[PDB]
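Structural characterization, general
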Amino acid sequence: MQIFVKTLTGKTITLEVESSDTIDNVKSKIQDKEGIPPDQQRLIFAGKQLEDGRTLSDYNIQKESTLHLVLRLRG
Amino acid sequence: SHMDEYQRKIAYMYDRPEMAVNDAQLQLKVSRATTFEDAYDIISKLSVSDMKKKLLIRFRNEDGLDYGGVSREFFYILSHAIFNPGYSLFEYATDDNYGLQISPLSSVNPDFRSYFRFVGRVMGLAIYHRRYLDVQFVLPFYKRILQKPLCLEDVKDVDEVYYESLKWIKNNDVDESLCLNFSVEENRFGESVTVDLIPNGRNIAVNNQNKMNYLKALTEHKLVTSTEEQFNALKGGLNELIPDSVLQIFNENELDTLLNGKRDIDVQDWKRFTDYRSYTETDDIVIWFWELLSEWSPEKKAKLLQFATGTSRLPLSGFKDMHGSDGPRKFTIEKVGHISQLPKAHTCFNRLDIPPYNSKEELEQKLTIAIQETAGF
Amino acid sequence: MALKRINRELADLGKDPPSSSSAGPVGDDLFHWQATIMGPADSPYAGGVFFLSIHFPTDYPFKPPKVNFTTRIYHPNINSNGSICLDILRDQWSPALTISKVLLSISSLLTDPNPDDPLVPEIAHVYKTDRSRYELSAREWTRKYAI
């Protein structure tokens, strides 16, 4: 399937993934396409904060899902 | 090694026939309270021939032996007076990363040339007479003294966030959404004025074909063109005594060592100007911590300081006038965490969270492991 | 670049606001902005309104703005003075970020406090141990101060 992510700079990035693909694989694809380290990625999907070690289907992610890339919180 | 080559360079420099001190002695009396005024009154009138004689400094109404210590104390006081930001001659590059640089606003004075020539003479006198200042400039300053080309990476030493933004512009493409163009806004005494990097530059937006020229102009204006006259006067004053053929055998680090000596972090000041949360001054994890900091090498102390506070550079007056993210924030030691976890650091508040360990050896091991990824000096 | 960008941001906010947050200059000074954040309905701070002061440095957009809370908020990652230095404002700042992104990030922070950034260690410990007590205290503070 295909998913879309909106980064900080307003650029929309398309990723070719599968429903069974893990979060780690998607983050690796994002790093390959853009160079963003997975540890620095804070993605929001309909208010859900993604976590490593899980899969897209764990977050009820479907076809043409749209995510945002918010930034880390340190206070 | 690096040190042996530096010592060879120092010996060769001080062995030059054009940097030999004369046998005659020159007296120099300055009152302790009014050090800046008397120093500027005397130094700004000495001849170049006079400044090459032996320097003998005697404070007023303070008579004693070991004139070397007196001269060292005088140079310390003068260096902490002239380079003090409150005097509107120099300024910190950023409030949270203390780095001295020539203040662009210093041009407001009717005649800054005399003062900056005096500063140049002071620096040349310190280098000439084997006496050390104790100020810490930014690397671009030293690269300018030796007349080296300045590039984008040099902004890393001045301001980290500015360099990150410039590198972002260099790497990623720029659209027309950003309203960036060849002009810089500077707020001088309330009123904000616009400076054009290139003629008719305020009406030229930066496309993907101009951003390289934009970065070049921004770097040059931020590092050089904003302080042309003042630094020209300062370098004239400095080269009055030290010929430029002598300074140009060092680099941006050997010159720093020659000026300020081997940099060290004081521990007595650190202990006297720190505060604790949930920790008392008699708590074991405090006395062990201070013993460890007492018997440590300067590089590791600098690494710990950068790991905790955020930067390895200290204010001009030690830890007393230490700034945090929003304002003054002294070095804080806190009891937060479990025994197994390593010490943590909140940099924007200068906080070091040290869990309640049970022995000094374990504290030493945890603290040495936790600071490895941090590189200081 | 430090005034045209600010005018562009103000124009963008005045056309399609996020429908929750608002921002505007105080009097006539484009480098000092007041902002209003509505309390998120999915967080204990619901039903409240918070005020922020934003100072734009002259190096904008290369240097991030300084935002500070005004109304008190019982939050692990917000101190008494209201200082915020999260990555969108101190570490991960790029010229592409506008002021609406900062407001959205703060409004998201008001619902998802950090677990391991104890700016207030007592409150962070309460959050890690007794979530119900933390939420009750946050609601009490919002009732006392936000209104």
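Residues numbered from 1 in each chain as written, not as in the entry; some residues may be left out. Chains lettered and ligands numbered in written order. Heavy atoms only, no water.

- The name given to chain C in the PDB entry is Ubiquitin-conjugating enzyme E2 4, with Schizosaccharomyces pombe 972h- as the source organism.
- Regarding chain C, the relevant UniProt record gives this comment under Catalytic activity: "S-ubiquitinyl-[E1 ubiquitin-activating enzyme]-L-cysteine + [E2 ubiquitin-conjugating enzyme]-L-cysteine = [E1 ubiquitin-activating enzyme]-L-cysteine + S-ubiquitinyl-[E2 ubiquitin-conjugating enzyme]-L-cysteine."
- On record in UniProt, under Subunit, the comment for chain C is "Interacts with the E1 ubiquitin-activating enzyme ptr3 and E3 ubiquitin-protein ligase pub2." (UniProt positions renumbered as here; feature names shortened; annotations may be inferred.)

- Per the PDB entry, the recorded name for chain A is Ubiquitin, and the organism is Schizosaccharomyces pombe 972h-.

**Quick look at the overall build of chain C**
- Looking only at helices and strands, chain C has 4 helices and 4 strands in total.
- Its helices and strands taken in sequence order, chain C reads α-β-β-β-β-α-α-α from the N to the C terminus.
- A globule of 147 residues ought to have a C-alpha radius of gyration of about 15 Å, and chain C, at 16 Å, matches this closely.
- Its C-alpha atoms give chain C principal-axis dimensions of roughly 50 × 30 × 20 Å. (Helix = DSSP H or I, 4+ residues; strand = E, 2+ residues; numbered from the N terminus. Rg over C-alpha atoms; globule rule 2.2 N^0.38 Å.)

**Side note on helix α2 (residues 99-109) of chain C**
- Of all 11 residues in α2 of chain C, 9 are buried, a share of seventy percent or more.
- Buried within α2 of chain C we find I99, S100, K101, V102, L103, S105, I106, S108 and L109 of chain C. (Buried < 20%, exposed > 50% of the residue type's maximum accessible area, 1.4 Å probe, protein only.)

**Focus on the UniProt feature "domain: UBC core" in chain C**
- In the UniProt entry, the feature "domain: UBC core" is given for residues 1-147 of chain C.
- As annotated, residues 1-147 of chain C comprises 33% helix and 15% strand, and the C-alpha atoms at either end are separated by 38 Å.

**Here's the deal with the nonpolar core**
Residue and element names in this part refer to chain B.
- Core analysis: the largest hydrophobic core is formed by 81 residues, its most contacted members being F83, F90 and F141.
- Per-element accounting of this core gives the leading share, 10 residues, to helix α5 (residues 112-128).
- Ignoring any residue separated from it by four or fewer positions in sequence, one finds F83 in contact with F90, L100, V119, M123, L133, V135, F137 and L316. (Core = buried A, V, L, I, M, F, W, Y, C linked by side-chain atoms within 4.5 Å. Contact = heavy atoms within 4.5 Å.)

**Re a nonpolar patch on the surface**
Residue and element names in this part refer to chain B.
- On the surface, a nonpolar cluster with roughly 280 Å² of combined accessible area is contributed by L105, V108 and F189.
- With respect to the element layout, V108 can be found in the loop between β4 (100-102) and α5.
- You can call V108 partly exposed: its relative accessible area is 46%. (Patch = residues over 30% accessible without salt bridge, like charges linked within 9 Å, V, L, I, M, F, W, Y side chains within 5 Å. Areas by Shrake-Rupley, 256 points an atom, 1.4 Å probe, with all protein chains shown as cover. Salt bridge = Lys/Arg side-chain N within 4 Å of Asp/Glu carboxyl O.)

**Focus on the sheet that holds strand β1 (residues 2-6) of chain A**
Residues and elements named next belong to chain A.
- Pairing within the open sheet is mixed, and its 5 strands lie in the order β2-β1-β5-β3-β4. In this open sheet, the two strands that pair with only one neighbour each are β2 (12-16) and β4 (48-49).
- Pairing of strand β3 (residues 42-45) with strand β5 (residues 65-70), which is carried by 3 bridges, proceeds in the antiparallel orientation. Paired with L43 across the strands is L69, a residue of β5.
- Helix-sheet contacts for helix α1 (residues 23-34) involve β1, β2 and β3, and the interaxial angle to β2 is about 125 degrees. (Pairing = 2+ DSSP bridges. Axes fitted to C-alpha atoms, helices over the stretch in contact; angles between N-to-C directions.)

**A word on the sheet that holds strand β7 (residues 274-277) of chain B**
Residues and elements named next belong to chain B.
- Spatially, 4 strands are ordered β7-β8-β10-β9 in an open sheet, and the strand pairing comes out mixed. The open sheet has two edge strands, β7 and β9 (344-346), and neither has a second partner. Within the sheet, the average angular offset between the axes of one strand and its neighbour, ignoring direction, is 25 degrees.
- Bridge count for β7 against strand β8 (residues 331-334) is 4 bridges, and the pairing is parallel. Bridged to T274 within β8 is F331.
- Against the sheet, helix α14 (residues 284-294) touches β7, β8 and β10 (351-353), its axis set at about 150 degrees to β7.

**Observations regarding unusual backbone geometry**
- A cis amide bond links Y60 of chain C with the next residue in sequence, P61 of chain C, at an omega value of 0 degrees.
- Relative to the helices and strands, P61 of chain C resides in the loop between β3 (49-55) and β4 (66-69).
- Of note, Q147 of chain B is a non-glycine position whose phi angle comes to about 60 degrees, a positive value.
- By the secondary structure assignment, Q147 of chain B is in the loop between α6 (139-145) and α7 (155-158).
- Exposure remark for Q147 of chain B: the relative accessible area of 52% places this residue in the exposed category.

**Some details on the side chain of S21 of chain C**
- Tracing the sequence through the fold places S21 of chain C in the loop between α1 (4-15) and β1 (22-25).
- A polar atom in the side chain of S21 of chain C sits 3.2 Å from the backbone oxygen of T36 of chain C. (Polar contact = N/O pair within 3.5 Å; in protein donor to acceptor, adjacent residues only side chain to side chain.)

**What to know about the pairing of β1 of chain C**
Residues and elements named next belong to chain C.
- Bridge count for β1 against strand β2 (residues 32-38) is 4 bridges, and the pairing is antiparallel. The residue of β2 that forms the bridge with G24 is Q34.
- Turn length for the β1-β2 hairpin, with the two strands adjacent in sequence and antiparallel, is 6 residues, and the turn residue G27 shows positive phi of about 65 degrees.

**Side note on the interface of chain C and chain B**
- Contact residues are listed per partner, giving 24 residues for chain C and 30 residues for chain B.
- Our count for the chain C to chain B interface comes out at 1 salt bridge.
- In this structure, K63 of chain C and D159 of chain B form a salt bridge, with 2.8 Å as the shortest nitrogen-oxygen distance.
- With 3 residues, α1 of chain C is the largest single contributor of residues to the side of chain C that touches chain B.
- Of the residues assigned to the side of chain C that touches chain B, the class counts are 12 nonpolar, 5 polar and 7 charged. (Nonpolar A, V, L, I, M, F, W, Y, C, P; charged D, E, K, R; others polar.)

**A closer look at the pairing of strand β6 (residues 191-195) of chain B**
Residues and elements named next belong to chain B.
- Bridge count between strand β5 (residues 184-188) and β6: 5 bridges; the pairing is antiparallel. Looking across to β6, one finds that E186 is bridged to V193.
- Linking two consecutive strands that pair antiparallel, namely β5 and β6, is a turn of 2 residues; a positive phi of about 55 degrees is found at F189 within it.

**Some remarks on the pattern of salt bridges**
Residues and elements named next belong to chain B.
- Tallied over the entire structure, the rule returns 24 salt bridges over all chains.
- Residue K9 is joined to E254 by a salt bridge in which the shortest nitrogen-to-oxygen separation is 2.7 Å. On the criterion of sequence distance, the pair formed by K9 in helix α1 (residues 2-14) and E254 in helix α12 (residues 254-260) is long-range, its members being 245 residues apart.
- Here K301 ties to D264 by a salt bridge, and the two come within 3.5 Å at their closest N and O atoms. Taken together, the residues span a long stretch of sequence, with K301 in helix α15 (residues 298-308) and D264 in the loop between α12 and α13 (268-272) at a distance of 37 residues.
- On the basis of relative accessibility, which here comes to 5%, the residue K301 falls in the buried class.

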